[PDB]
There are 4 protein chains.
Amino acid sequence: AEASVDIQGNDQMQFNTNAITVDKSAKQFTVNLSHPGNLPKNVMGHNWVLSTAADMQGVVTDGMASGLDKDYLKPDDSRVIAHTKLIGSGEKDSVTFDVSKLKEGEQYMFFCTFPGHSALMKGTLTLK
Amino acid sequence: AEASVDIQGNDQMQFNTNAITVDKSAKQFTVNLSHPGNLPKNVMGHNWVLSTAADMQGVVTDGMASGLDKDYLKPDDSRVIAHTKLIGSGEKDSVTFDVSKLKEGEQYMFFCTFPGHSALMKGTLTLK
Amino acid sequence: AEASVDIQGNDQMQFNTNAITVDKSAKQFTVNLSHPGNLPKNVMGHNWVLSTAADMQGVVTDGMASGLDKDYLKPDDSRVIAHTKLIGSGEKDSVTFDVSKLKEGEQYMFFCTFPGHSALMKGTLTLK
Amino acid sequence: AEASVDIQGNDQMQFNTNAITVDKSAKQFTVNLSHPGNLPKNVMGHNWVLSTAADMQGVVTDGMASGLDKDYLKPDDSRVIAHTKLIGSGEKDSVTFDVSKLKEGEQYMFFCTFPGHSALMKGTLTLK
Ligand SMILES: [Cu+2]
Ligand SMILES: [Cu+2]
Ligand SMILES: [Cu+2]
Ligand SMILES: [Cu+2]
């Protein structure tokens, strides 16, 4: 809805989009994430994490180390621009963020930090 | 909102959905396929092919063996319940099939037959 | 090695190999599975499963529906030609099966049935 | 990579190896990429491209917007430490890099930039 988008993480380990362009005019941007399917959080949990394309591997990696308990994300990870919780099947979480925290000319990526998921579960937040 | 789905196949080789539910009640079923992106058909084509889950492997094998001149589908392959055209980026196609050609208690699956694709571009279809 | 093969399923969802060649003169064939890395089975579980290339999807679809508790393998699944248990990191398992269960010019796929992994974890098995 | 390392990208979109060990003593490294299979560059093209785990994504995203006519590689990408060209089956390319261009305690990776192959096709490389 102009300054929001709905993302679904599934039992097949996929997002439903790999591109999001956030609009200039928008003051804050929300991400509504849902997890259709039947698998719990501990085998197939998906979060939505945003960062510059250069900080991605560092966040996935520190996330990988942090554990299920840390939502598979390093607490107060300064490279994490915005993010939801790690939810299992049928659950939902949303994150709304300040747009002036993004700048034009920079490539961002969203990705899930559950182990190995970023493999297939990521996009460019097409602002790049 | 009921007996037709809109799906899309992208440039990162993913369908926007990996699972279609067909309410038995609907009598004809329609699928509108669009190719978001910029990659031409010879590079990243997307079709939407439906067979039983048992015939999928073979549709694919033979689909490959049929080159682009045949849209990566074997001519009048009896295994194909329905299918669209292989569409390059920025185009679309639609296909309507009779839902009576589906029997409860059987795994159906949609996949793209463009070489290499079936691995990510696929999902279930089920009468419900 | 002699009519037995060494393979891994690591933490990045990968097999080292994507093709096993079996000899018509090997009476039985043994596949030794080890999972290097630090992830526990619930997150990065790996089994090595064998079936024909046509039964792969149903074998995968059904095994996912089986649950961790059943190792993501539909028990008594007559479509499986051989399999290990699903192991976490630093665990091991091996399977030895009679080579007469294979027929010349039939195609064998080996894959992992852990939710999400088979698109990444699969390869070819062929009788020489 | 390695005195030389011989790698294969096939039509199943796979590299016959997910890990390189470049001997700190060997002064220039060679990687020989070949392509078993019968698929053309336009459909199943392969390049081996090396960078840091860190830059992996921006090169990937930037390689994709460059086209195969460019071999899906952004020219003068300072980040690519070395790369082959994109090749079709029945081809072999090679590349030799200066090994002082890598350091110890720096995460490196290889991947092919053909659209949607980076998720499958990738492995770490590490100075021994
Ligand atoms: Cu996930
Ligand atoms: Cu396709
Ligand atoms: Cu696995
Ligand atoms: Cu490739």
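All ligand and atom numbering here is 1-based and tracks the order in the structure. Side-chain atoms are counted along with the backbone in the values below, which use heavy atoms only and exclude waters and symmetry mates. By convention in this document, chain letters (A, B, ...) are assigned in the order of the sequence lines, proteins followed by strands, and residues within each chain are numbered from 1.
- Between the side chains of B:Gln107 and C:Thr61, at least one donor-acceptor pair of N or O atoms lies under 3.5 Å.
- Applying the salt bridge (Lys or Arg N to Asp or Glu O under 4.0 Å) criterion to D:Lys122, with sequence neighbours excluded, gives no partner residue.
- Between D:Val59 and D:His83 the shortest side-chain heavy-atom distance does not fall below 4.5 Å.
- Around the Cu ion (ligand 2), the protein contributes the following N, O or S atoms at distances under 2.8 Å: B:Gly45 O, B:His46 ND1, B:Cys112 SG, B:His117 ND1.
- With sequence neighbours excluded, the residues forming a side-chain contact (heavy atoms from CB on, under 4.5 Å) with C:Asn18 are D:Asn10, D:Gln12, D:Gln14, listed by chain and number.
- Of the inter-residue distances, the one linking C:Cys112 atom SG with C:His46 atom NE2 reads 6.0 Å to the nearest 0.5 angstrom.
- Applying the salt bridge (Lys or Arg N to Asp or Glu O under 4.0 Å) test to pairs two or more places apart or on separate chains, those with a residue in residues 33-44 of chain B are B:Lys41-B:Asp71.
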